[PDB]
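> Sharing a structure below in structure tokens format, with a few things to ask.
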Amino acid sequence: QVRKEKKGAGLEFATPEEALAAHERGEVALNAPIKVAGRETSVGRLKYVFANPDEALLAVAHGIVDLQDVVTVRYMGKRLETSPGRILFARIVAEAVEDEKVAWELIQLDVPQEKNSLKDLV
Amino acid sequence: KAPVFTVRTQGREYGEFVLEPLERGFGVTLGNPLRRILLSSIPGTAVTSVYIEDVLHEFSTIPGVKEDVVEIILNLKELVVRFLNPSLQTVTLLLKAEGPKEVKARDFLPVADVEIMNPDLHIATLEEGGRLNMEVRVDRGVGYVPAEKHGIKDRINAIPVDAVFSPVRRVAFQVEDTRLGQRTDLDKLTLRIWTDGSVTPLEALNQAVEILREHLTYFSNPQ
Amino acid sequence: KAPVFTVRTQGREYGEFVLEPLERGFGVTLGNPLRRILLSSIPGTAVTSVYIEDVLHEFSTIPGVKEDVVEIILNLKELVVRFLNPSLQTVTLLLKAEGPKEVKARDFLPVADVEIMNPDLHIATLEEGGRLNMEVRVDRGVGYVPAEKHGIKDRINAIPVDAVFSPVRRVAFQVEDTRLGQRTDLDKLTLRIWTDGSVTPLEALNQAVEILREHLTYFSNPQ
Amino acid sequence: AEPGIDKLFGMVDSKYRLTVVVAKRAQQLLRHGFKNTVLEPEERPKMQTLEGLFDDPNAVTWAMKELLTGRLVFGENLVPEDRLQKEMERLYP
Amino acid sequence: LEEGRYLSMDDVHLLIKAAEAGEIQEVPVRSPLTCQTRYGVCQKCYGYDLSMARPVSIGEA
Amino acid sequence: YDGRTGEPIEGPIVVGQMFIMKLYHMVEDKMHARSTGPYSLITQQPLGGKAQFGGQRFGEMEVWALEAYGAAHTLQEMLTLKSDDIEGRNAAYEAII
Amino acid sequence: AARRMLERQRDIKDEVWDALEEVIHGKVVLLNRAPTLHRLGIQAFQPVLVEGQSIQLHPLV
Amino acid sequence: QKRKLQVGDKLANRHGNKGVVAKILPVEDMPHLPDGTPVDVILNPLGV
RNA sequence: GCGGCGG
DNA sequence: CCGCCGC
Ligand SMILES: [Zn+2]
């Protein structure tokens, strides 16, 4: 699952660069949450960008990011905007069955896992 | 009976370690603490700060370079460097390449006591014409430090990078039950370790255990 | 700057132990393993077997004696004795009081080197013509042993009792923010141990630490 | 679950077929002696108290393990009923 | 969709999506209701279901 | 805090004194383990009595279960080697010995 | 002899146990549930010896 | 004889939560409170 | 075969 | 449906 908090104001980074900076310092303040309704990316994605998949989880393990937080992560060929948790799930499945590619070919990390999303995965 | 310490290691990245039998719930008493250490204490390397001449912000795009600042600063986190001695606390890697060439990690100009065991690591693709020059700082630390925590300012206009110190990627341990003639309520500890290559799973484990030992001793003198 | 192991010990039961500074999260890496050992591993003493003269089974009743065999033996597992040397593996306490009196753990005939820190423990209440003579067997062991597992048989008509060997009732550890250091992100581990009296807070802590070290070495010979 | 049960199923025209072959084959492993195998070299089954699965723990485990490879052949009427057991005793002590 | 082919879930999604458009109202399919084998039913007639997912193994109760 | 890891369990957890009871259900009435033994002298059933436990019934409700699986011998075994072929169960026992 | 060995003796410790655990190696047993309704009413599992009285069953089944 | 609680035994509260003992955990590693006090039993939330 | 409980 | 406990 992903979390949503409080949108203290303006959610326009969809275009301003003083919106990446300002909205990112406003976040450092008490104004904009790490998970704000900010179209393209909530400050939550601006701050943390994780290269390798592992990179993401360690930050978690050190307390930087909760599993249910919206961050950005570089996977095999795409810069994906998904939470650690989701990604972790991907790994678990990709581990269960060695064909990692065929793994993500059959799972949807676009929604929290419901009994059905899993039913269908099985 | 004595803990049979079995080892199954392939390369310098993966290392399975089994150790049984153990008394009631000891596997957990060992594994977990080893883990916390293996990811927090182990010393290694990570790029701290980078600086591309013509670049200002973290989110941009250098002409002649398909990669975006972010994708590049990311690629660098992947870079694994290995120092040879204490005298090297902070080393600044330098690299400049132009034109129609692929920029690999081996293109950085060699440093005296530093070694790059992450050669073929893809850093950037420079198109027909494409000036790419920059200086990436590297340090020896422990654990993970967010680029917002340390904030290194070599070049006033440079950008801090998340510190990926532990040469250990992930740690996993399992406590399955094992049989010993008389009593079946037994622990069997197998801990699997993943490393970037700078050090091996086996060396890391030992260093860990040592570090725990060194701390156990600090309980010596009362007051 | 080296873990300043401090101590505040009052009596033989309570025993706070403070140790700091420590590097980011080790207070917990140490705190829990020691706790898991302190409760499961530490050796102690407990009433292993009992024998009342005119009683044949555990479910019987003794004249002029309010409490039942089961109620009594139960109270005996609450008896905390303390030996002083290995030479004392199995001690047999003997006690016999009659008539209008209240039997308390102090009425056991002294056993020279071994002492009873559980004095006022109520063993039974005697009415009139209340004849109670019993021998209770004690041992130095580790963990919990069900009376069914050992089945001690000194006298053919004696009834074995459940083994409670942990000389600690509760362990607790805290990880406070700071004492000294360049960086505020530090751990201050203080653990407070509670003992029935048999051994001391410090004594336990040390044994614990040792059992931990002992295991650490078991990582020696690969295979 | 089981070792290459997928592969196994794909080698037979019918599920129950597999079982039968598997079984009867386990029978021959013990009847005509336990050396009537086909993959005893390096990479043969094994246990953990010692490495003694090399002699006679579970028969079927072998069968399947042997069938996973193109060593044995199974068919409706491959070899004349009685002649099979006579030749086998002769070449297996 | 050739003859005899055992239509998988996906293939039944297709047919539905197609009926949506308006290209098929019924479906020609083998079934026990019309098996020739007096005492028994064959592979092509029973179908895809098995404890498994591939076609039914002959010899199943 | 976990106790195994000493690390907290993210999120307050409710705890308290709840009154709970043990039921007249001991497992003493719940487990007979029979390898072989006494058989009825009228019908040939592994009935019990004193030293030998009884064998669970298999009913047709369960045979079907087996039939379906295609559990040929597993079913054969339940109706023969394990029940009526006095020479079957015999050979079986011996074989296993 | 082996039988008398199990007739009255209390444990048989590790060795009798070593043997049992050895005899069960790759064998499996079946399990049955109260009303046996469908074919899955009985499933086969590899037994892994354990302490006590209860029988450990897999959650998913 | 004495019936000590073991894995097969079944307990339950006055409200209706009925169940059997699945695992007898060593105080060592079961859910403990800030102050040394560990819990006695852990009920699965899902049955409520 | 009558009665009581459990799933 | 299955398992037990008792006149
Ligand atoms: Zn047909």
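To be explicit about the labels: the chains of the structure tokens are called A, B, and onward in the order shown, and within each one the residues are counted from 1, while ligands get numbers from 1 in the order they are shown.
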Give me the residues within 12 Å of residue 4 of chain E as a VMD selection string, counting only C-alpha atoms (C1' of nucleotides) and dropping any in the same chain fewer than 3 places off.

chain E and resid 1 7 28 to 31 43 to 48 55

> Could you please take those selected residues and save N, CA and C atoms as an mmCIF file, in the first residue's frame?


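So the final result, stored in again-v8.cif, reads:
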data_model
loop_
_atom_site.group_PDB
_atom_site.id
_atom_site.type_symbol
_atom_site.label_atom_id
_atom_site.label_comp_id
_atom_site.auth_asym_id
_atom_site.auth_seq_id
_atom_site.Cartn_x
_atom_site.Cartn_y
_atom_site.Cartn_z
ATOM 1 N N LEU E 1 -8.972 -19.298 -34.575
ATOM 2 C CA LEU E 1 -9.025 -20.286 -33.492
ATOM 3 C C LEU E 1 -9.361 -21.658 -34.140
ATOM 4 N N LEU E 7 -9.716 -23.881 -25.816
ATOM 5 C CA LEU E 7 -9.768 -22.449 -25.497
ATOM 6 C C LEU E 7 -9.380 -22.122 -24.045
ATOM 7 N N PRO E 28 -19.213 -23.290 -31.079
ATOM 8 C CA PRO E 28 -19.134 -24.725 -31.331
ATOM 9 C C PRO E 28 -18.088 -25.369 -30.418
ATOM 10 N N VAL E 29 -18.535 -26.263 -29.534
ATOM 11 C CA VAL E 29 -17.628 -26.931 -28.609
ATOM 12 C C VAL E 29 -18.004 -28.366 -28.210
ATOM 13 N N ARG E 30 -16.988 -29.225 -28.154
ATOM 14 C CA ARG E 30 -17.134 -30.628 -27.769
ATOM 15 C C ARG E 30 -17.623 -30.747 -26.332
ATOM 16 N N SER E 31 -18.435 -31.755 -26.076
ATOM 17 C CA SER E 31 -18.955 -31.921 -24.741
ATOM 18 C C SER E 31 -19.440 -33.346 -24.480
ATOM 19 N N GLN E 43 -10.974 -37.451 -24.505
ATOM 20 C CA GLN E 43 -10.158 -36.257 -24.240
ATOM 21 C C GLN E 43 -10.723 -34.990 -24.844
ATOM 22 N N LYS E 44 -10.960 -35.020 -26.143
ATOM 23 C CA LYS E 44 -11.491 -33.857 -26.814
ATOM 24 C C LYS E 44 -12.859 -33.466 -26.297
ATOM 25 N N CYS E 45 -13.638 -34.423 -25.810
ATOM 26 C CA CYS E 45 -14.968 -34.055 -25.336
ATOM 27 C C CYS E 45 -14.997 -33.480 -23.916
ATOM 28 N N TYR E 46 -14.260 -34.076 -22.982
ATOM 29 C CA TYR E 46 -14.265 -33.541 -21.632
ATOM 30 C C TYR E 46 -13.613 -32.188 -21.734
ATOM 31 N N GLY E 47 -12.291 -32.119 -21.809
ATOM 32 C CA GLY E 47 -11.705 -30.792 -21.876
ATOM 33 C C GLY E 47 -10.504 -30.411 -21.029
ATOM 34 N N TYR E 48 -10.273 -29.103 -20.970
ATOM 35 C CA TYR E 48 -9.055 -28.528 -20.414
ATOM 36 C C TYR E 48 -8.817 -28.818 -18.944
ATOM 37 N N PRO E 55 -4.762 -30.324 -21.072
ATOM 38 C CA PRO E 55 -5.876 -31.234 -21.375
ATOM 39 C C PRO E 55 -5.981 -32.452 -20.450
#

> Using only C-alpha atoms, I'd like every residue of chain A that has an atom within 8 Å of chain B; please write them out as a PyMOL selection string.

chain A and resi 49-52+54-55+58-59+62+64

> Can I get the selection written as a tab-separated table (two decimals), in the first residue's frame, with N, CA and C atoms?


chain	number	residue	atom	x	y	z
A	49	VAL	N	15.84	9.16	-4.92
A	49	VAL	CA	15.91	8.54	-6.23
A	49	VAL	C	16.86	7.37	-6.02
A	50	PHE	N	16.37	6.14	-6.16
A	50	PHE	CA	17.22	4.97	-5.93
A	50	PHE	C	17.69	4.25	-7.19
A	51	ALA	N	19.00	4.18	-7.38
A	51	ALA	CA	19.58	3.51	-8.55
A	51	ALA	C	19.20	2.02	-8.66
A	52	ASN	N	19.99	1.16	-8.02
A	52	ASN	CA	19.78	-0.28	-8.00
A	52	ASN	C	18.52	-0.56	-7.18
A	54	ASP	N	18.15	-2.79	-4.79
A	54	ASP	CA	18.63	-2.98	-3.41
A	54	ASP	C	18.74	-1.65	-2.68
A	55	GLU	N	19.31	-0.68	-3.39
A	55	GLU	CA	19.50	0.68	-2.90
A	55	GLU	C	18.29	1.17	-2.10
A	58	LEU	N	17.65	-0.67	1.54
A	58	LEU	CA	18.62	-0.39	2.58
A	58	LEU	C	18.26	0.94	3.24
A	59	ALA	N	17.86	1.90	2.41
A	59	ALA	CA	17.47	3.21	2.89
A	59	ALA	C	16.33	2.99	3.87
A	62	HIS	N	17.50	1.63	7.12
A	62	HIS	CA	18.22	2.62	7.93
A	62	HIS	C	17.25	3.69	8.44
A	64	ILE	N	15.27	5.79	6.48
A	64	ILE	CA	15.02	6.92	5.61
A	64	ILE	C	13.60	6.89	5.05

> Hey, which residues sit close to ligand 1? Say within 6 Å, counting only C-alpha atoms (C1' of nucleotides) and all ligand atoms, and write them as a VMD selection string.

chain E and resid 35 to 37 41 to 42 45

> Output as a list in words all residues of chain G that backbone DSSP marks as strand (DSSP E or B).

residues 29, 30, 31, 32, 42, 43, 44 and 45 of chain G

> By least-squares superposition of chain C on chain B, using all C-alpha atoms in order, what RMSD in Å to one decimal is obtained?

2.0 Å

> Would you mind listing what lies within 6 Å of residue 172 of chain C as a PyMOL selection string, with only C-alpha atoms (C1' of nucleotides) counted and same-chain residues fewer than 6 positions away left out?

(chain C and resi 191-192) or (chain H and resi 35-36)

> Find the residues in chain F near chain D: any atom within 12 Å counts, using only C-alpha atoms. Write them as number ranges by chain.

F: 68-74, 95

> Produce a file of the selected residues containing N, CA, C and O atoms, as an mmCIF file, in the first residue's frame.


data_model
loop_
_atom_site.group_PDB
_atom_site.id
_atom_site.type_symbol
_atom_site.label_atom_id
_atom_site.label_comp_id
_atom_site.auth_asym_id
_atom_site.auth_seq_id
_atom_site.Cartn_x
_atom_site.Cartn_y
_atom_site.Cartn_z
ATOM 1 N N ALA F 68 -11.326 -40.681 -7.587
ATOM 2 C CA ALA F 68 -11.054 -39.485 -8.350
ATOM 3 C C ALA F 68 -9.559 -39.255 -8.595
ATOM 4 O O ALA F 68 -9.149 -39.055 -9.737
ATOM 5 N N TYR F 69 -8.751 -39.267 -7.536
ATOM 6 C CA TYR F 69 -7.308 -39.053 -7.677
ATOM 7 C C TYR F 69 -6.681 -40.000 -8.698
ATOM 8 O O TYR F 69 -5.658 -39.685 -9.328
ATOM 9 N N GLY F 70 -7.306 -41.157 -8.865
ATOM 10 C CA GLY F 70 -6.762 -42.129 -9.780
ATOM 11 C C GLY F 70 -5.842 -42.956 -8.918
ATOM 12 O O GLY F 70 -4.954 -43.661 -9.401
ATOM 13 N N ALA F 71 -6.065 -42.837 -7.612
ATOM 14 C CA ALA F 71 -5.288 -43.551 -6.618
ATOM 15 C C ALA F 71 -5.677 -45.003 -6.704
ATOM 16 O O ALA F 71 -6.443 -45.491 -5.883
ATOM 17 N N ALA F 72 -5.150 -45.682 -7.711
ATOM 18 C CA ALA F 72 -5.441 -47.090 -7.943
ATOM 19 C C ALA F 72 -5.104 -47.996 -6.770
ATOM 20 O O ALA F 72 -5.981 -48.477 -6.047
ATOM 21 N N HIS F 73 -3.810 -48.234 -6.617
ATOM 22 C CA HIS F 73 -3.278 -49.073 -5.563
ATOM 23 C C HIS F 73 -3.523 -48.495 -4.182
ATOM 24 O O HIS F 73 -3.782 -49.240 -3.245
ATOM 25 N N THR F 74 -3.435 -47.174 -4.050
ATOM 26 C CA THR F 74 -3.666 -46.554 -2.760
ATOM 27 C C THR F 74 -5.055 -47.000 -2.315
ATOM 28 O O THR F 74 -5.300 -47.194 -1.127
ATOM 29 N N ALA F 95 7.033 -58.682 4.097
ATOM 30 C CA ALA F 95 7.809 -57.857 3.163
ATOM 31 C C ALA F 95 8.489 -56.667 3.863
ATOM 32 O O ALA F 95 9.702 -56.453 3.738
#

> Skipping near chain neighbours, those fewer than 3 positions away, what residues fall within 6 Å of segment 14-27 of chain B using only C-alpha atoms (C1' of nucleotides), listed as a PyMOL selection string?

chain B and resi 3-10+30-31+175+186-194+201

> Show which residues sit within 10 Å of residue 89 of chain B, as JSON, numbers by chain. Count only C-alpha atoms (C1' of nucleotides), and ignore same-chain residues fewer than 4 positions away.

{"B": [83, 85, 138, 139, 140, 141]}

> When the cut-off is 9 Å and we count only C-alpha atoms, which residues of chain C are near chain F, given as a list in words?

residues 28, 29, 31, 32, 33, 35, 36 and 173 of chain C

> Please report as a Markdown table every residue of chain G lying within 10 Å of chain I, along with the nearest atom pair and their distance in Å (one decimal), using only C-alpha atoms (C1' of nucleotides).


| residue | atom | partner | partner_atom | distance |
| --- | --- | --- | --- | --- |
| G:33 | CA | I:7 | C1' | 9.1 |
| G:34 | CA | I:7 | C1' | 6.6 |
| G:35 | CA | I:7 | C1' | 8.7 |

> Using only C-alpha atoms for the distances, tell me which of F:8, F:14, F:19, F:31 is nearest to chain H.

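So, comparing all the options, the nearest one is F:19.
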
> Could you pull the residues within 12 Å of residue 60 of chain F, counting only C-alpha atoms (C1' of nucleotides), minus those fewer than 4 positions along the same chain, as number ranges by chain?

F: 64-68, 75, 78-79; G: 35-38; J: 1
